[PDB]
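Here the structure is laid out as structure tokens; the discussion comes afterwards.
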Amino acid sequence: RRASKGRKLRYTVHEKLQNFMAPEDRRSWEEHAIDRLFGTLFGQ
Amino acid sequence: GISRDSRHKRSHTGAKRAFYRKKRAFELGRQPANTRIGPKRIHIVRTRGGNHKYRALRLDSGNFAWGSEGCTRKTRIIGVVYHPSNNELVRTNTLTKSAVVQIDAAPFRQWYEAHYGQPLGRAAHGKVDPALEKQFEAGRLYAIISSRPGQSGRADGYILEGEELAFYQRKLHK
Amino acid sequence: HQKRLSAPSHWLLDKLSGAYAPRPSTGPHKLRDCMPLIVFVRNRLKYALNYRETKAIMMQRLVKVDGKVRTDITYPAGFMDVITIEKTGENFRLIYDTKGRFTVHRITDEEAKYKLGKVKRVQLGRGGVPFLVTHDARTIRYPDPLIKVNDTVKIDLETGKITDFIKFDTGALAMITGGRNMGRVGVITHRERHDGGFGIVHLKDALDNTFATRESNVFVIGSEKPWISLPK
Amino acid sequence: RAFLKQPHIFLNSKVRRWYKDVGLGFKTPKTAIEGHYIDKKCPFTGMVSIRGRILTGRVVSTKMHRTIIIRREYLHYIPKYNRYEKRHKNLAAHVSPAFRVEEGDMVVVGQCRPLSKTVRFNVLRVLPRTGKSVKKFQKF
Amino acid sequence: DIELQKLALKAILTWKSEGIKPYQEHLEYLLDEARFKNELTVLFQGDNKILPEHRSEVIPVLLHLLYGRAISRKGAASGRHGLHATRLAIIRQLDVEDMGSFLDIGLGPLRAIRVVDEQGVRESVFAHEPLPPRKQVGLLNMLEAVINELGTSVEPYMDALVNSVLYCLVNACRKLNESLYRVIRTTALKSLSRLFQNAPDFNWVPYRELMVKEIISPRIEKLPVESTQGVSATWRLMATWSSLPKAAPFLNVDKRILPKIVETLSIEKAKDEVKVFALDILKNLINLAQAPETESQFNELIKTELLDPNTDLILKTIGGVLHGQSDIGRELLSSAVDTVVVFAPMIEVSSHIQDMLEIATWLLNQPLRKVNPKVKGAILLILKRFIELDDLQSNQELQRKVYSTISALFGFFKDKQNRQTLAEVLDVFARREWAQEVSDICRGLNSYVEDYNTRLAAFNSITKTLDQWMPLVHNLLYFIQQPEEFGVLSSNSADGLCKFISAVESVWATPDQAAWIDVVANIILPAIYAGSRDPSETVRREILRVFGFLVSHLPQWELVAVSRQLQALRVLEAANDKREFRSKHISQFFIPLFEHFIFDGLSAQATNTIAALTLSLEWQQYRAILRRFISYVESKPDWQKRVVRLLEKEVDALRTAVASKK
RNA sequence: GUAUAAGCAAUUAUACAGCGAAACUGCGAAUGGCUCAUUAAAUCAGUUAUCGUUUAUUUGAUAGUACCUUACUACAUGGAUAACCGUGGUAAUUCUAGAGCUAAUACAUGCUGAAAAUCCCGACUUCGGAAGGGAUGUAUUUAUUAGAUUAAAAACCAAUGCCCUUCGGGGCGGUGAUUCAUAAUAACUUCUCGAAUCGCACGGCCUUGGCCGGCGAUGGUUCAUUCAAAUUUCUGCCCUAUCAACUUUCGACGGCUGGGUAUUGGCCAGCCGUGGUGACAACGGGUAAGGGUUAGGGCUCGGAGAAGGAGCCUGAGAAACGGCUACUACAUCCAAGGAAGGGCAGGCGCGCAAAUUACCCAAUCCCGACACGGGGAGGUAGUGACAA
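Residue numbers (the authors' numbering), protein chains in the order written: chain CZ, 536 to 579; chain Cf, 2 to 123, 151 to 202; chain Cb, 8 to 239; chain Ck, 11 to 25, 37 to 161; chain UT, 934 to 1109, 1126 to 1382, 1384 to 1400, 1407 to 1420, 1427 to 1522, 1547 to 1586, 1595 to 1656.
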């Protein structure tokens, strides 16, 4: 194949790259406003 | 991290060998230098035997040879137009070897009108290819870089002319 | 700092020079093809006894090699380098023998005044001038225009001027300086080109023994004309 | 890609083609002389020079860009059998577009500076025969 | 002085001005002695160019600083890269109005000088020196660089430049302390030459005595003896003078200049380069003398004053050159024959055309080693333009000699235009004179050179008298040697040669016998051998036909189908053994024929005939033959068995030969 | 090479002179050696190449490069620091602060006595020596040209000839190869070198004011040579098919283009092509990791780490473990603010056991400004009923 050197996304788990950071949820909004805004974007 | 040894690649028969040794000093290959356009920035690197080689990182001027008539001049460099290796390099305006780039034409036109006499770009020995004449009328020629800016510290090369000139016009249009 | 046994067996040391042996310093002659000055003084000539004695003798301007005073102890003097000692007024020259060992010869000033050196190569130096490289690492500027590779030159040793030359020739007598038949004085009778590396010559003696030595090891001494006094 | 060129011959002049002989009793072919093909690893067009060992062999896989694979057969003496045994060796050599490649022919190659991990030789003179496939065995 | 420069620039920046304000970094970086070239090339052709608004406010201080950096001797290294490349760089990057203000700065006292007045010379100016010669050397080198970088933009600055350089040149020649004035004179003439071919449109007429004082006084009485070595700057000035149209009539002012030029050409101990240089001066003179209206504004004088009173000396000297020494370089030869080509239509009457025609036929019978065939074509054009003067009726022995040459050139040339010019020189040959006979030759060669239907008509018409015949013989054997278009030209030329040899055997009166017999020998027999070595098989067939005609019609002359081929070869064996042969006949006709027969039982019959003929021939020819055969062995690996069978048979013949001669 | 030590030791013409601590400058420490998970033709050994690269030291030669508008000029070159003297801080040793000096072979610039200098040509010539004509280094990098008798090479080659004669005769740079070596022009470099150095003798011309004058030491551009180092070509491992498929899973095989490397190279980045290896034994597995010197035995030669990862520094040669930098794991001093640091050898290892904590670089050998300084190889010595 033409693609060995990273050219295709090898969906393979990485050992050292496994558990770096825990998700810290930092969002000041109660998510109802945000997805109601995603509804009421330009399109509606 | 960077080295030139061939231990890590596979065998000629397609085998993998451990061959575990340490990276010594004579397989050292230094980090690349994206020579870009700017004021003159050159870092000196001493190498084996105490030789000096000049890694040029930011370059403005180089010299170019219009040796068809037998002249060469130090001119500025506007910006790369095409490069055979990497379109990312063409984007990031890098100067390497064999790099076609538009250069300023003013010293060449000065030398032409001084030597032969007729104005150009505004007898029978002073004759120009018409594509080169169009380059002169625009005032920004197509030249090539053939000096290694990384391992020589200078952007020098010959002007494009004739068959290579038209080939590179067609390549630019591609 | 090699051992006495691992030292080359053609500059001789007896069974009492200790387990060690000097290594030659860097100089004109090669490492394997060298005789150092201390070994020439105190092991072959025995004009001294000890390293300190040889140090003192070489420190005062008393030993002259190839017309120039040599200071340091282990200056290499490999092959056909005249060694003038003025307090004895003798001149010694280094040849080989039939077995392949260093042999010292005594000479007076008339034959001691000149050297015979094999030409390594010839090129054009800086400025567009031809220069000539001997095997003694001597460079002669402005040579005779006929002296090619593997020629031999009689050298003045006082002005370094090219006094004479001898040509590589089939039908000439030679001396061997390498190979398994090293040190067998005889006549060149045949040359074989073998274009592609390692040309050979076929060299017989004066007494009907043929053998194959390579041109690099061949060292032209003279057609008959033994310009240096070989030992009788 | 860029425009290919011999390194220092001035083309666009308003007023040639350089090719050197390797020597060793070889003759440059006419396609190398006049054929406008250009390549850096050709000993008659590029700057590669040939020196050292000169070898022969028979091509097996010509299906490659200007590089052939050569089966080197020889007779291996094993002491346990006190007998000669056939052993094939797989080389490579940079093939010039000057010659007419034939599969199964007899080709003379020459040692050069290392052009690739495997490519260490240049072809000099092919000899056209009727060599067959893998099933043919012969010392060469 | 760089420290005084730094303090001066600090003072100018103390003059706080909005004009100098955006450029102070460029000024200090131009002034810092480690940033000069980079600061220059960032000043000019950079992003921050000089704005044209306050350009009149910044340019004077910048130009004085540029003069300081171009005058500095401290930091400069040696060589041209030492300070000469610096001056060239500054002047190349400068501009022309800036150059005018700069040369105002450069010419200190000599800015307002007048070298020429309403009268001719200003001796009151020249007998007073305002400058030391060191500053004059600097000024003059500076101005040479200025002119060399300026080119055609010199036009608004002539009224200062010519005054400066002429004052320097005339003070130098009056000083003719020697080294300074010498280098002054040489670089002065160099700048003058560049100035001349830069500015043609200037009026140079208001001073003539200046060129007089520069040229005639010190040199002309010695000029060949001096210029025997190489070209000079005076020679360059005269060359560009002859190149320019309006500058050429300055050579009339002293009338001995062109005589002494061809006297340099007369001295045969020159390095040949001054010879071809004076020759190119004459080239430009003649091209000017032929040129249209733009040069016919001066042609009538240069016809009537420069070339006319010296054509005799020109041709006498060129003859002394072409008959003085046995060694002439090919460049000098081609260039001399080119000058006489261009001089030919420029003269109408002279005195030495006898000598000219003799030298023409001399250089035409010169061998091909000394003279190239292109050069022989040039002498042919010379012959056409030089024969038409009324001279040939006197001294007929010269005239039968030159006609022998033109005939000889008919089988030599290869080029159609050369053969057209041959037919033309034959045309004017007939126009000069015998006349109707040579006009018959004119129409013959005209319909020879004209295409293929006309050529075959020519062959048949002449198929339907010695000097009539000889050129037809020459072009006839040339059209033998032409192999084939359809082969018809070869066959018709063969038929014509049979007709000629029939005329030959027809006429047998004893002085006609002698003349025609020497002619047919010395032109036909070597042509037979050359066509024998010719590998064209149609040529060999027709040469066998004409050789059969020769041997069958001649025989009183003292020197004379596989199955049928082999039978005829056996007949030839029997002819050998009944009569051995003539040795030259063997060695130069028969051997190459069966050599061709081999390399194209035929081979066995061929080598048997070669065996018998190697018996028949002479040993010295045999020695060369055997060396050629072993050379065939070494060089031709195509027929190993064939050549070695030839070797076996020929040395068996040698063994029988020594056995018989025992 | 640098001495004004406020250091000694003196005088018979007084800058210095003999010895000379400290200090600056130059060299040196790519090993002598220690430990331990191992390396199964990749190392290694023969055998080649470097026309693909580097090299301090070695020895040999070596460099013609002026003038060129400063001129109403310039003509014994600059500035810093150390050692030193004095003022201190802290618990903390050059951990060091402030102040006052002075030298260089340390760091650095460097037109000038002059109307010439130096190369090439050389006509005329009394070997006369020359009238007068052209021209102004090196290193880097690029471009171009030459790198060699003509290219209308239609030459030379058939000298098989031509001409005389007595007919006997006579006359007519290197390589196997390279764009190699080398030379020349255009410019280019924030680019070098082209001796502002030291010791010793001291002689010729006599403008008695100097002008010339030798031997060395140190230094410097190029090219050799040496010592090396780097890759690199054909052959050669022990055993096994309960190892027949392997590689493309760090590109696997090409070619082109560049980057970096001292240089070649999928060594790496783009672009496209389709491979390459294998029953002649690939690949895997096992770990038990010799060559040459030929009567013989003897003799000689033969990966990873310095508490742990990671990065950097000097130098001709190191990824030195010598240093530093941050993280981690330890440990020490303290006035609790802070500071420096990491190895080997010996004894016990039951409560009961057993070969020196020896001497010198004396010889061989090594490293230095260097005859003199310094060497953990080397020899000398002591113990022994294990034997013999």
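Yeah, the Cβ is synthetic: ideal placement off N, Cα and C, and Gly gets one too.
DSSP places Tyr95/Ck in the uninterrupted beta strand (DSSP E) bounded by 88 to 99. Listed along the chain, the chain UT residues whose CB falls inside 7 Å of the CB of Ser62/Cf are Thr974. For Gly118/Cf, a Cβ of chain UT is located within less than 7 Å of the residue's own Cβ. With respect to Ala84/Cb, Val72/Cb sits close: the two C-beta atoms are nearer than 7 Å. Ranking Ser1181/UT, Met1187/UT, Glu1212/UT by CA distance to the CA of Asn1201/UT puts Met1187/UT first. Taking the CA atoms as reference points, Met68/Ck sits about 13 Å from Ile19/Ck. Against chain Ck, the CB of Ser175/Cf has no partner CB under 7 Å away; the residue lies outside that interface.
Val101/Cf has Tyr83/Cf, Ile172/Cf as its beta-bridge partners, per DSSP. The beta carbon of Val136/Cb sits closer than 8 Å to those of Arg148, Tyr149, all from its chain and outside the five residues before and after it, given in chain order.
Taking 9 Å as the upper bound on Cβ-Cβ separation, chain Cf lies near no residue of the region 1436 to 1450 of chain UT. In the DSSP assignment, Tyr186/Cf falls outside any alpha helix (DSSP H) and lies within the beta strand (DSSP E) extending over 184 to 186. Contact between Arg74/Cf and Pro108/Cf holds: CB atoms are separated by about 4 Å, below the 8 Å threshold. Here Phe20/Cf is exposed: its Cβ has fewer than 16 other Cβ atoms, across all protein chains shown, within 10 Å. Among the CB atoms of chain Cf, none fall inside 7 Å of the CB of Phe158/Ck.
Runs of the beta strand (DSSP E) spanning 3 or more residues and lying entirely within the region 1289 to 1370 of chain UT do not occur at all. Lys138, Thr139: these are the residues of the region 124 to 148 of chain Ck whose beta carbon lies less than 9 Å from some beta carbon of chain Cf, given in chain order. Look at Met42/Cb here: in three-state DSSP terms it is coil, with no helix or strand label. Distance from the Cα of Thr91/Cb is smallest, within the candidate group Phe218/Cb, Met65/Cb, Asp104/Cb, for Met65/Cb. Under the DSSP assignment, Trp1431/UT falls in the alpha helix (DSSP H) whose first and last residues are 1428 to 1443. In summary, the residues of the region 35 to 48 of chain Cf whose CB is separated from some CB of chain UT by less than 9 Å are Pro40, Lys41, in the order they occur in the chain. Neighbours of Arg11/Ck across chain Cf, judged by C-beta separation under 7 Å: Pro85. Within the region 37 to 64 of chain Ck, the residues whose Cβ lies closer than 9 Å to any Cβ of chain Cb are, in chain order, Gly44, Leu45, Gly46.
Residues of the region 13 to 24 of chain Ck with a Cβ closer than 9 Å to any Cβ of chain Cf, in chain order: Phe13, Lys15, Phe20, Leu21, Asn22, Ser23, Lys24. At a C-beta separation below 7 Å, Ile90/Ck has no neighbours in chain Cb, since its nearest C-beta there lies roughly 25 Å away. Taking the C-beta atoms as reference points, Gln119/Cf is found no nearer than 7 Å to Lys54/Cf. The DSSP-derived three-state label of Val140/Cb is strand. In its own chain, leaving out the 5 sequence neighbours on each side, no residue places its CB closer than 6 Å to the CB of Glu550/CZ. Taking all protein chains in view, the Cβ of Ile1624/UT is surrounded by fewer than 16 other Cβ atoms within 10 Å, so the residue is classified as exposed. Within 9 Å of the CB of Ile75/Ck, the CB atoms of chain Cb belong to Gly203, in sequence order along the chain. In this structure, DSSP gives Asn1409/UT a helical state, which the three-state scheme calls helix. Beta-bridge pairing by DSSP links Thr146/Cb to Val140/Cb.
The C-alpha of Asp1376/UT lies about 35 Å from the C-alpha of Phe1247/UT. Around the beta carbon of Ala183/Cf, a 10 Å sphere encloses 16 or more other beta carbons of the protein chains shown; the residue is thus reported as buried. Per the Cβ contact rule, the region 1427 to 1445 of chain UT is in contact with the region 1351 to 1365 of chain UT (3 or more Cβ pairs under 8 Å).
Secondary structure note for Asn1201/UT: it is in no beta strand (DSSP E), with a DSSP letter that is neither H nor E.
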